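Dropping my_file13.pdb in here (PDB, C-alpha atoms and all ligand atoms):
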```pdb
MODEL        1
ATOM      1  CA  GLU T  30       0.000   0.000   0.000
ATOM      2  CA  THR T  31       0.934   3.720   0.113
ATOM      3  CA  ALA T  32       2.268   5.528   3.226
ATOM      4  CA  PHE T  33       1.352   9.133   3.884
ATOM      5  CA  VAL T  34       4.353  10.237   5.926
ATOM      6  CA  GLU T  35       4.088  13.624   7.641
ATOM      7  CA  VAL T  36       7.334  15.216   8.906
ATOM      8  CA  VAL T  37       7.118  17.755  11.700
ATOM      9  CA  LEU T  38       9.640  20.516  12.478
ATOM     10  CA  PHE T  39       8.830  21.765  15.985
ATOM     11  CA  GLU T  40      10.086  24.900  17.785
ATOM     12  CA  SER T  41       9.119  25.924  21.339
ATOM     13  CA  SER T  42       7.926  29.422  22.271
ATOM     14  CA  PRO T  43       9.557  30.885  25.440
ATOM     15  CA  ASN T  44       6.507  30.305  27.669
ATOM     16  CA  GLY T  45       6.408  26.541  26.898
ATOM     17  CA  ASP T  46       4.042  26.196  23.941
ATOM     18  CA  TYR T  47       5.118  24.783  20.524
ATOM     19  CA  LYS T  48       4.882  25.947  16.884
ATOM     20  CA  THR T  49       5.101  23.617  13.882
ATOM     21  CA  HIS T  50       5.850  23.394  10.242
ATOM     22  CA  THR T  51       4.708  19.990   8.977
ATOM     23  CA  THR T  52       5.493  18.475   5.643
ATOM     24  CA  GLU T  53       3.665  15.767   3.794
ATOM     25  CA  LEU T  54       5.625  13.060   1.983
ATOM     26  CA  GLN T  55       4.823   9.708   0.410
ATOM     27  CA  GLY T  56       6.370   6.243   0.445
ATOM     28  CA  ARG T  57       5.179   2.644   0.297
ATOM     29  CA  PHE T  58       4.651   0.101   3.059
ATOM     30  CA  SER T  59       6.798  -2.921   2.189
ATOM     31  CA  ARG T  60       5.945  -6.648   2.179
ATOM     32  CA  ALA T  61       8.408  -7.170   5.067
ATOM     33  CA  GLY T  62       7.026  -4.465   7.312
ATOM     34  CA  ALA T  63       3.506  -4.405   8.709
ATOM     35  CA  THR T  64       1.018  -1.982   7.229
ATOM     36  CA  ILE T  65       0.017   0.094  10.283
ATOM     37  CA  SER T  66       0.361   3.737  11.401
ATOM     38  CA  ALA T  67       3.198   5.155  13.619
ATOM     39  CA  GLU T  68       5.015   8.096  15.068
ATOM     40  CA  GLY T  69       8.305   8.896  16.858
ATOM     41  CA  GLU T  70      11.537  10.979  16.999
ATOM     42  CA  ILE T  71      13.714  10.449  13.955
ATOM     43  CA  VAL T  72      17.177   9.037  14.371
ATOM     44  CA  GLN T  73      19.212   9.134  11.159
ATOM     45  CA  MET T  74      20.960   5.777  10.972
ATOM     46  CA  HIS T  75      24.058   5.447   8.899
ATOM     47  CA  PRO T  76      23.369   2.261   6.804
ATOM     48  CA  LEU T  77      26.587   0.782   8.237
ATOM     49  CA  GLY T  78      25.364   1.919  11.690
ATOM     50  CA  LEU T  79      23.360  -1.335  11.872
ATOM     51  CA  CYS T  80      26.241  -3.796  12.386
ATOM     52  CA  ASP T  87      24.637   4.170  21.607
ATOM     53  CA  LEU T  88      21.268   3.566  23.272
ATOM     54  CA  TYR T  89      18.150   5.275  22.028
ATOM     55  CA  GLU T  90      14.954   5.778  23.947
ATOM     56  CA  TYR T  91      12.276   3.500  22.564
ATOM     57  CA  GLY T  92       9.868   3.972  19.678
ATOM     58  CA  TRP T  93      11.963   6.158  17.357
ATOM     59  CA  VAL T  94      11.846   6.142  13.595
ATOM     60  CA  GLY T  95      14.957   5.149  11.730
ATOM     61  CA  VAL T  96      15.748   6.887   8.476
ATOM     62  CA  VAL T  97      18.530   5.201   6.562
ATOM     63  CA  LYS T  98      19.539   6.337   3.122
ATOM     64  CA  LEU T  99      20.868   3.290   1.225
ATOM     65  CA  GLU T 100      24.219   3.573  -0.688
ATOM     66  CA  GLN T 101      25.231   2.999  -4.304
ATOM     67  CA  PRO T 102      25.385  -0.809  -4.237
ATOM     68  CA  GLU T 103      29.096  -1.037  -5.246
ATOM     69  CA  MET T 104      29.911   0.819  -2.008
ATOM     70  CA  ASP T 105      29.006  -2.260   0.099
ATOM     71  CA  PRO T 106      30.000  -5.451  -1.818
ATOM     72  CA  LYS T 107      29.816  -7.778   1.206
ATOM     73  CA  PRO T 108      27.174  -6.117   3.405
ATOM     74  CA  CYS T 109      27.118  -6.647   7.163
ATOM     75  CA  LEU T 110      23.377  -7.323   6.685
ATOM     76  CA  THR T 111      20.677  -7.612   4.043
ATOM     77  CA  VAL T 112      18.588  -4.417   4.084
ATOM     78  CA  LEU T 113      15.880  -6.696   5.633
ATOM     79  CA  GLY T 114      18.379  -7.593   8.363
ATOM     80  CA  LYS T 115      19.070  -3.881   8.884
ATOM     81  CA  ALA T 116      15.327  -3.396   9.243
ATOM     82  CA  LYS T 117      14.706  -6.121  11.868
ATOM     83  CA  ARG T 118      17.818  -5.148  13.860
ATOM     84  CA  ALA T 119      16.520  -1.574  14.141
ATOM     85  CA  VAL T 120      13.373  -2.945  15.568
ATOM     86  CA  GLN T 121      15.245  -5.056  18.104
ATOM     87  CA  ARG T 122      17.082  -1.833  18.960
ATOM     88  CA  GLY T 123      13.634  -0.417  19.475
ATOM     89  CA  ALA T 124      12.530   1.540  16.459
ATOM     90  CA  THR T 125       8.773   1.907  16.368
ATOM     91  CA  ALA T 126       9.224   2.280  12.608
ATOM     92  CA  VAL T 127      11.781   2.464   9.684
ATOM     93  CA  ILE T 128      12.183   4.604   6.547
ATOM     94  CA  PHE T 129      14.618   3.689   3.791
ATOM     95  CA  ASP T 130      15.784   5.956   1.002
ATOM     96  CA  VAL T 131      16.310   3.687  -1.969
ATOM     97  CA  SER T 132      17.069   6.500  -4.464
ATOM     98  CA  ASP T 133      20.518   4.856  -4.782
ATOM     99  CA  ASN T 134      19.628   1.139  -4.514
ATOM    100  CA  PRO T 135      16.320   0.162  -6.151
ATOM    101  CA  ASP T 136      17.189  -3.532  -5.607
ATOM    102  CA  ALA T 137      16.241  -2.810  -1.968
ATOM    103  CA  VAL T 138      12.698  -3.025  -3.237
ATOM    104  CA  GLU T 139      13.050  -6.748  -4.178
ATOM    105  CA  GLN T 140      14.967  -7.505  -0.955
ATOM    106  CA  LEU T 141      12.240  -5.766   1.036
ATOM    107  CA  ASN T 142       9.234  -7.218  -0.742
ATOM    108  CA  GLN T 143      10.334 -10.858  -0.548
ATOM    109  CA  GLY T 144       7.584 -11.869   1.898
ATOM    110  CA  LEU T 145       9.259 -15.269   2.555
ATOM    111  CA  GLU T 146       9.653 -14.593   6.257
ATOM    112  CA  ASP T 147       7.004 -13.722   8.775
ATOM    113  CA  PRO T 148       6.771  -9.960   8.232
ATOM    114  CA  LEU T 149       7.808  -7.502  10.955
ATOM    115  CA  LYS T 150       5.081  -6.123  13.217
ATOM    116  CA  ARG T 151       6.102  -2.621  12.249
ATOM    117  CA  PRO T 152       6.082  -0.445   9.172
ATOM    118  CA  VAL T 153       9.237  -0.777   7.173
ATOM    119  CA  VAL T 154       8.634   1.929   4.601
ATOM    120  CA  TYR T 155      10.716   2.705   1.528
ATOM    121  CA  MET T 156      10.816   5.995  -0.289
ATOM    122  CA  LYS T 157      12.604   7.413  -3.326
ATOM    123  CA  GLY T 158      12.794  10.116  -5.988
ATOM    124  CA  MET T 159      11.763  13.500  -4.640
ATOM    125  CA  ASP T 160      10.042  12.652  -1.351
ATOM    126  CA  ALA T 161      13.270  11.077  -0.178
ATOM    127  CA  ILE T 162      14.867  14.368  -1.105
ATOM    128  CA  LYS T 163      12.497  16.566   0.835
ATOM    129  CA  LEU T 164      12.880  14.081   3.677
ATOM    130  CA  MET T 165      16.703  14.366   3.918
ATOM    131  CA  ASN T 166      16.296  18.097   3.029
ATOM    132  CA  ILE T 167      14.577  18.493   6.384
ATOM    133  CA  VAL T 168      16.114  15.579   8.313
ATOM    134  CA  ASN T 169      19.569  17.218   8.338
ATOM    135  CA  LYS T 170      18.259  20.764   9.146
ATOM    136  CA  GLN T 171      17.495  20.620  12.940
ATOM    137  CA  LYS T 172      18.131  18.614  16.132
ATOM    138  CA  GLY T 173      14.773  16.777  16.551
ATOM    139  CA  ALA T 174      12.058  15.916  14.007
ATOM    140  CA  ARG T 175       8.989  13.787  14.635
ATOM    141  CA  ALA T 176       7.632  11.444  11.934
ATOM    142  CA  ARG T 177       3.970  10.726  11.689
ATOM    143  CA  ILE T 178       3.092   7.764   9.523
ATOM    144  CA  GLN T 179      -0.493   7.020   8.596
ATOM    145  CA  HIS T 180      -2.358   4.505   6.494
ATOM    146  CA  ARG T 181      -5.490   6.624   5.796
TER     147      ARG T 181
ATOM    148  CA  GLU G  30     -15.209   5.381  15.821
ATOM    149  CA  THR G  31     -13.382   2.858  18.018
ATOM    150  CA  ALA G  32      -9.889   3.908  19.191
ATOM    151  CA  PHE G  33      -7.503   0.980  19.363
ATOM    152  CA  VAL G  34      -5.050   1.919  22.048
ATOM    153  CA  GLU G  35      -2.090  -0.402  22.518
ATOM    154  CA  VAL G  36       0.328   0.016  25.474
ATOM    155  CA  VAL G  37       3.971  -1.043  25.479
ATOM    156  CA  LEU G  38       5.977  -1.749  28.633
ATOM    157  CA  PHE G  39       9.602  -1.709  27.512
ATOM    158  CA  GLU G  40      12.633  -3.238  29.218
ATOM    159  CA  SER G  41      16.290  -2.768  28.232
ATOM    160  CA  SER G  42      18.546  -5.828  27.795
ATOM    161  CA  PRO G  43      22.338  -6.617  27.673
ATOM    162  CA  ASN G  44      22.572  -5.963  23.899
ATOM    163  CA  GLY G  45      20.843  -2.570  23.907
ATOM    164  CA  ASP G  46      17.802  -4.470  22.638
ATOM    165  CA  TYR G  47      14.293  -4.067  24.124
ATOM    166  CA  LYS G  48      11.635  -6.561  25.277
ATOM    167  CA  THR G  49       7.961  -5.687  25.220
ATOM    168  CA  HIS G  50       4.638  -6.425  26.803
ATOM    169  CA  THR G  51       1.734  -5.015  24.804
ATOM    170  CA  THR G  52      -1.653  -4.537  26.341
ATOM    171  CA  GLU G  53      -4.456  -4.188  23.870
ATOM    172  CA  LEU G  54      -7.241  -1.785  24.822
ATOM    173  CA  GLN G  55     -10.053   0.253  23.304
ATOM    174  CA  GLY G  56     -11.763   3.641  23.408
ATOM    175  CA  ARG G  57     -13.590   6.153  21.256
ATOM    176  CA  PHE G  58     -12.422   9.003  19.076
ATOM    177  CA  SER G  59     -14.149  12.146  20.360
ATOM    178  CA  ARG G  60     -15.420  14.855  18.008
ATOM    179  CA  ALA G  61     -13.202  17.550  19.623
ATOM    180  CA  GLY G  62     -10.276  15.833  17.927
ATOM    181  CA  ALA G  63      -9.265  14.247  14.696
ATOM    182  CA  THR G  64      -9.882  10.559  13.922
ATOM    183  CA  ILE G  65      -6.274   9.502  13.117
ATOM    184  CA  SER G  66      -3.369   7.540  14.608
ATOM    185  CA  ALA G  67      -0.687   8.519  17.187
ATOM    186  CA  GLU G  68       1.863   7.463  19.632
ATOM    187  CA  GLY G  69       4.352   8.726  22.131
ATOM    188  CA  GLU G  70       5.381   8.200  25.682
ATOM    189  CA  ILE G  71       2.579   8.504  28.120
ATOM    190  CA  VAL G  72       2.517  11.496  30.418
ATOM    191  CA  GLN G  73      -0.049  11.481  33.227
ATOM    192  CA  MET G  74      -1.738  14.849  33.866
ATOM    193  CA  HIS G  75      -3.701  15.578  36.965
ATOM    194  CA  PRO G  76      -6.973  17.234  35.827
ATOM    195  CA  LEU G  77      -5.983  20.404  37.731
ATOM    196  CA  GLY G  78      -2.554  20.057  36.052
ATOM    197  CA  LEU G  79      -4.005  21.864  33.025
ATOM    198  CA  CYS G  80      -4.735  25.279  34.643
ATOM    199  CA  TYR G  89       7.889  18.024  27.727
ATOM    200  CA  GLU G  90       9.443  16.610  24.627
ATOM    201  CA  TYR G  91       6.891  17.335  21.836
ATOM    202  CA  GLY G  92       4.833  14.300  20.801
ATOM    203  CA  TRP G  93       3.516  12.945  24.152
ATOM    204  CA  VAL G  94       0.282  11.305  25.052
ATOM    205  CA  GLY G  95      -1.453  13.051  27.831
ATOM    206  CA  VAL G  96      -3.524  10.717  29.946
ATOM    207  CA  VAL G  97      -6.004  12.417  32.253
ATOM    208  CA  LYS G  98      -8.257  10.563  34.654
ATOM    209  CA  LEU G  99     -11.244  12.806  35.277
ATOM    210  CA  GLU G 100     -12.936  12.938  38.698
ATOM    211  CA  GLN G 101     -16.372  13.214  40.315
ATOM    212  CA  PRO G 102     -17.842  16.456  38.935
ATOM    213  CA  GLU G 103     -18.658  17.827  42.438
ATOM    214  CA  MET G 104     -14.928  17.771  43.309
ATOM    215  CA  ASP G 105     -14.322  20.840  41.066
ATOM    216  CA  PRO G 106     -17.532  22.970  40.905
ATOM    217  CA  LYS G 107     -15.939  25.993  39.189
ATOM    218  CA  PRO G 108     -13.396  24.465  36.770
ATOM    219  CA  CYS G 109     -10.475  26.656  35.681
ATOM    220  CA  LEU G 110     -10.879  24.905  32.322
ATOM    221  CA  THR G 111     -13.404  22.965  30.321
ATOM    222  CA  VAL G 112     -12.439  19.343  29.488
ATOM    223  CA  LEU G 113     -12.313  20.758  25.931
ATOM    224  CA  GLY G 114      -9.894  23.403  27.143
ATOM    225  CA  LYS G 115      -7.901  20.642  28.806
ATOM    226  CA  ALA G 116      -7.538  18.718  25.564
ATOM    227  CA  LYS G 117      -6.658  21.882  23.574
ATOM    228  CA  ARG G 118      -4.059  23.126  26.144
ATOM    229  CA  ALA G 119      -2.314  19.706  26.105
ATOM    230  CA  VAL G 120      -2.034  19.996  22.315
ATOM    231  CA  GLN G 121      -0.622  23.480  22.832
ATOM    232  CA  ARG G 122       1.993  21.779  25.037
ATOM    233  CA  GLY G 123       3.091  19.330  22.344
ATOM    234  CA  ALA G 124       0.649  16.552  23.009
ATOM    235  CA  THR G 125       0.257  14.393  19.974
ATOM    236  CA  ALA G 126      -2.858  12.573  21.243
ATOM    237  CA  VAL G 127      -4.933  12.994  24.457
ATOM    238  CA  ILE G 128      -6.572  10.112  26.319
ATOM    239  CA  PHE G 129      -8.948  10.980  29.205
ATOM    240  CA  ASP G 130     -10.716   8.530  31.479
ATOM    241  CA  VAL G 131     -14.327   9.519  32.013
ATOM    242  CA  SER G 132     -15.129   6.688  34.397
ATOM    243  CA  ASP G 133     -15.967   9.022  37.301
ATOM    244  CA  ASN G 134     -17.363  12.008  35.297
ATOM    245  CA  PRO G 135     -19.653  10.870  32.460
ATOM    246  CA  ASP G 136     -20.930  14.354  31.480
ATOM    247  CA  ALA G 137     -17.487  15.239  30.084
ATOM    248  CA  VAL G 138     -18.383  13.002  27.150
ATOM    249  CA  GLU G 139     -21.233  15.305  26.050
ATOM    250  CA  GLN G 140     -18.939  18.321  26.251
ATOM    251  CA  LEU G 141     -16.280  16.672  24.101
ATOM    252  CA  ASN G 142     -18.753  15.636  21.443
ATOM    253  CA  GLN G 143     -20.544  18.970  21.011
ATOM    254  CA  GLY G 144     -19.196  19.867  17.546
ATOM    255  CA  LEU G 145     -19.749  23.647  17.753
ATOM    256  CA  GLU G 146     -15.996  24.049  17.922
ATOM    257  CA  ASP G 147     -13.785  23.194  14.950
ATOM    258  CA  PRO G 148     -11.871  20.008  15.788
ATOM    259  CA  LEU G 149      -8.315  19.623  17.043
ATOM    260  CA  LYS G 150      -5.837  17.929  14.764
ATOM    261  CA  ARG G 151      -5.172  15.197  17.266
ATOM    262  CA  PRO G 152      -6.820  12.074  18.461
ATOM    263  CA  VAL G 153      -8.883  13.047  21.543
ATOM    264  CA  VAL G 154      -9.648   9.595  22.865
ATOM    265  CA  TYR G 155     -11.879   8.885  25.831
ATOM    266  CA  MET G 156     -12.106   5.660  27.755
ATOM    267  CA  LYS G 157     -13.861   4.150  30.734
ATOM    268  CA  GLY G 158     -14.833   1.060  32.698
ATOM    269  CA  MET G 159     -12.464  -1.850  32.407
ATOM    270  CA  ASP G 160     -10.210  -0.636  29.591
ATOM    271  CA  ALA G 161      -9.220   2.476  31.532
ATOM    272  CA  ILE G 162      -8.789   0.342  34.595
ATOM    273  CA  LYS G 163      -6.122  -1.617  32.721
ATOM    274  CA  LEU G 164      -4.755   1.684  31.369
ATOM    275  CA  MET G 165      -4.291   3.341  34.789
ATOM    276  CA  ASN G 166      -3.097   0.041  36.259
ATOM    277  CA  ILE G 167      -0.201   0.374  33.792
ATOM    278  CA  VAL G 168       0.566   4.095  33.932
ATOM    279  CA  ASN G 169       0.978   4.089  37.693
ATOM    280  CA  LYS G 170       3.345   1.094  37.718
ATOM    281  CA  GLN G 171       5.963   2.088  35.163
ATOM    282  CA  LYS G 172       7.929   5.261  34.713
ATOM    283  CA  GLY G 173       7.485   5.251  30.877
ATOM    284  CA  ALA G 174       5.100   3.494  28.466
ATOM    285  CA  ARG G 175       4.347   3.974  24.712
ATOM    286  CA  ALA G 176       0.712   4.633  23.757
ATOM    287  CA  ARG G 177       0.186   3.444  20.259
ATOM    288  CA  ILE G 178      -3.223   4.806  19.159
ATOM    289  CA  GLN G 179      -4.479   2.990  16.123
ATOM    290  CA  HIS G 180      -7.291   3.986  13.717
ATOM    291  CA  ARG G 181      -8.476   0.866  11.899
TER     292      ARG G 181
HETATM  293 BR    BR T 201      21.177 -10.319   7.067
ENDMDL
END
```
Here is a file; write its structure as structure tokens.
Ligand SMILES: [Br-]
Amino acid sequence: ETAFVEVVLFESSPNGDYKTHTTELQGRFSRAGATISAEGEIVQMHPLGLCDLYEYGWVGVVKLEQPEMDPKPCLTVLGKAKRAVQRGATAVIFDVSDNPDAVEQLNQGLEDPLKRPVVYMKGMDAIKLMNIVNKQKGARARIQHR
Amino acid sequence: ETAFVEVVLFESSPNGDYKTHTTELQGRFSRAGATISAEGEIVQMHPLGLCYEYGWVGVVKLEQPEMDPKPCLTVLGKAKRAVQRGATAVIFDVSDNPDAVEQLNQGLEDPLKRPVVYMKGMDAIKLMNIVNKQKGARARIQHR
């Protein structure tokens, strides 16, 4: 199915209230990852980072590399996804704009699928995602399946 | 519509890995707030406490209406103020004050952009049973 991923940039007023600028992106729920909603603070995982505690229920955003960069990977992208969940991601967003074989890897379906959205994302939405993801200290990802 | 609220009790292990214990509950989406999903770590507000890290799930447990005759805030106000303070959904427990529910579901006001879930009877009982035990719990709030 299709994921409607909203990305929130939040900034607190001096008296303790918050202001937002949200941004609405689109990916795809994968065969491997459950098709539910979610939400949490985004940690930007280096793809090699999955081979440092975080509080629980955060949303990993890995951008996958040009495939010749990792000839013998530490893990299959699916491995990377299920390890993040062990490490306590509530969710998972992959940028595949560099590795569209991820899509086959991810949509296998052979295994029992994760209980959590593993969502992939490419082209321009991946751009606007990283655009914002690098900008400020904390950004909260809302994922829905409306 | 029925709010599927699911409550994680997380425990850190040797690896850095976590082990869970989900508790599967139910409520209603109120009309004061959007009918969508949400999650975040559960912060317990005292009802008079409306008078954090952005993205938290306020849980109020409302009380006998004769305990606070002149409220500093409507229950609607309470839900809106929590959203002002970065709440990303807001779950009340109307068990003791069932007139709140009318006030929430008036519809004169234009709705919040957040789940405003209410709850009662048994399912809140489990809910509060869990909030009071742990320090921190995730409220996944699921719109199916
Ligand atoms: Br692997």
Restricting the calculation to all atoms listed in the file, which member of T:116, T:124, T:54, T:138 is positioned closest to chain G? T:124
Based on all atoms listed in the file, which of the residues in chain G come within 12 Å of chain T? I want them as a PDB file with C-alpha atoms, keeping the file's coordinate frame.
```
ATOM      1  CA  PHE G  33      -7.503   0.980  19.363  1.00  0.00           C
ATOM      2  CA  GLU G  35      -2.090  -0.402  22.518  1.00  0.00           C
ATOM      3  CA  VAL G  36       0.328   0.016  25.474  1.00  0.00           C
ATOM      4  CA  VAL G  37       3.971  -1.043  25.479  1.00  0.00           C
ATOM      5  CA  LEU G  38       5.977  -1.749  28.633  1.00  0.00           C
ATOM      6  CA  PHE G  39       9.602  -1.709  27.512  1.00  0.00           C
ATOM      7  CA  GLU G  40      12.633  -3.238  29.218  1.00  0.00           C
ATOM      8  CA  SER G  41      16.290  -2.768  28.232  1.00  0.00           C
ATOM      9  CA  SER G  42      18.546  -5.828  27.795  1.00  0.00           C
ATOM     10  CA  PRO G  43      22.338  -6.617  27.673  1.00  0.00           C
ATOM     11  CA  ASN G  44      22.572  -5.963  23.899  1.00  0.00           C
ATOM     12  CA  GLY G  45      20.843  -2.570  23.907  1.00  0.00           C
ATOM     13  CA  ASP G  46      17.802  -4.470  22.638  1.00  0.00           C
ATOM     14  CA  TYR G  47      14.293  -4.067  24.124  1.00  0.00           C
ATOM     15  CA  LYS G  48      11.635  -6.561  25.277  1.00  0.00           C
ATOM     16  CA  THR G  49       7.961  -5.687  25.220  1.00  0.00           C
ATOM     17  CA  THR G  64      -9.882  10.559  13.922  1.00  0.00           C
ATOM     18  CA  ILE G  65      -6.274   9.502  13.117  1.00  0.00           C
ATOM     19  CA  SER G  66      -3.369   7.540  14.608  1.00  0.00           C
ATOM     20  CA  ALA G  67      -0.687   8.519  17.187  1.00  0.00           C
ATOM     21  CA  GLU G  68       1.863   7.463  19.632  1.00  0.00           C
ATOM     22  CA  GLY G  69       4.352   8.726  22.131  1.00  0.00           C
ATOM     23  CA  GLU G  70       5.381   8.200  25.682  1.00  0.00           C
ATOM     24  CA  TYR G  89       7.889  18.024  27.727  1.00  0.00           C
ATOM     25  CA  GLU G  90       9.443  16.610  24.627  1.00  0.00           C
ATOM     26  CA  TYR G  91       6.891  17.335  21.836  1.00  0.00           C
ATOM     27  CA  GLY G  92       4.833  14.300  20.801  1.00  0.00           C
ATOM     28  CA  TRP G  93       3.516  12.945  24.152  1.00  0.00           C
ATOM     29  CA  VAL G  94       0.282  11.305  25.052  1.00  0.00           C
ATOM     30  CA  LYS G 117      -6.658  21.882  23.574  1.00  0.00           C
ATOM     31  CA  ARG G 118      -4.059  23.126  26.144  1.00  0.00           C
ATOM     32  CA  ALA G 119      -2.314  19.706  26.105  1.00  0.00           C
ATOM     33  CA  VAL G 120      -2.034  19.996  22.315  1.00  0.00           C
ATOM     34  CA  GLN G 121      -0.622  23.480  22.832  1.00  0.00           C
ATOM     35  CA  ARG G 122       1.993  21.779  25.037  1.00  0.00           C
ATOM     36  CA  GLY G 123       3.091  19.330  22.344  1.00  0.00           C
ATOM     37  CA  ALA G 124       0.649  16.552  23.009  1.00  0.00           C
ATOM     38  CA  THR G 125       0.257  14.393  19.974  1.00  0.00           C
ATOM     39  CA  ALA G 126      -2.858  12.573  21.243  1.00  0.00           C
ATOM     40  CA  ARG G 151      -5.172  15.197  17.266  1.00  0.00           C
ATOM     41  CA  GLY G 173       7.485   5.251  30.877  1.00  0.00           C
ATOM     42  CA  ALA G 174       5.100   3.494  28.466  1.00  0.00           C
ATOM     43  CA  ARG G 175       4.347   3.974  24.712  1.00  0.00           C
ATOM     44  CA  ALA G 176       0.712   4.633  23.757  1.00  0.00           C
ATOM     45  CA  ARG G 177       0.186   3.444  20.259  1.00  0.00           C
ATOM     46  CA  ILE G 178      -3.223   4.806  19.159  1.00  0.00           C
ATOM     47  CA  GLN G 179      -4.479   2.990  16.123  1.00  0.00           C
ATOM     48  CA  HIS G 180      -7.291   3.986  13.717  1.00  0.00           C
ATOM     49  CA  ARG G 181      -8.476   0.866  11.899  1.00  0.00           C
TER      50      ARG G 181
END
```
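Across the structure, CA of residue 113 (chain G) and CA of residue 34 (chain G) are spaced 20.6 Å apart.
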Excluding same-chain residues fewer than 5 positions from residue 158 (chain T), what lies within 9 Å of it counting all atoms listed in the file, as an MDAnalysis selection string? chainID T and resid 130:132
Taking (-2.1, 3.4, -1.0) in the file's coordinates as the center, which residues reach within 8 Å of it, counting all atoms listed in the file, put as a PyMOL selection string? chain T and resi 30-32+57+180
To check your reading of the model: which residues sit at most 8 Å from ligand BR 201 (chain T) when counting only C-alpha atoms and all ligand atoms? Write the answer as a compact mmCIF listing (two decimals) with C-alpha atoms, in the coordinates of the input.
```
# COMPACT_ATOMS: atom_id res chain seq x y z
CA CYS T 109 27.12 -6.65 7.16
CA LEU T 110 23.38 -7.32 6.68
CA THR T 111 20.68 -7.61 4.04
CA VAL T 112 18.59 -4.42 4.08
CA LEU T 113 15.88 -6.70 5.63
CA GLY T 114 18.38 -7.59 8.36
CA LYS T 115 19.07 -3.88 8.88
```
Mind checking which residues fall within 12 Å of residue 164 (chain T), counting only C-alpha atoms, ignoring those fewer than 6 positions away in the same chain, and posting them as a PyMOL selection string? chain T and resi 34-38+51-56+71+73+96-98+128-130+132+155-158+170+174-176
Run the PyMOL selection byres (((chain G and resi 169) around 12) and not hetatm) mentally over the shown coordinates, then write out the matched residues as number ranges by chain, using the chain letters and numbers from the document. G: 38, 71-74, 96, 98, 162-168, 170-174
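When CA of residue 77 (chain T) is paired with CA of residue 142 (chain T), their separation reads 21.1 Å.
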What is the CA of residue 116 (chain G)-CA of residue 63 (chain G) distance in Å, reported with one decimal? 11.9 Å
Long-range neighbours of residue 112 (chain G) as a ChimeraX atom specification, 8 Å cut-off, all atoms listed in the file, 2 positions minimum in chain: /G:110,114-116,137,140-141
Distance criterion (all atoms listed in the file): nearest to residue 64 (chain T) out of T:151, T:107, T:50, T:117: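 Checking each of T:151, T:107, T:50, T:117 against residue 64 (chain T), counting all atoms listed in the file, the winner is T:151.
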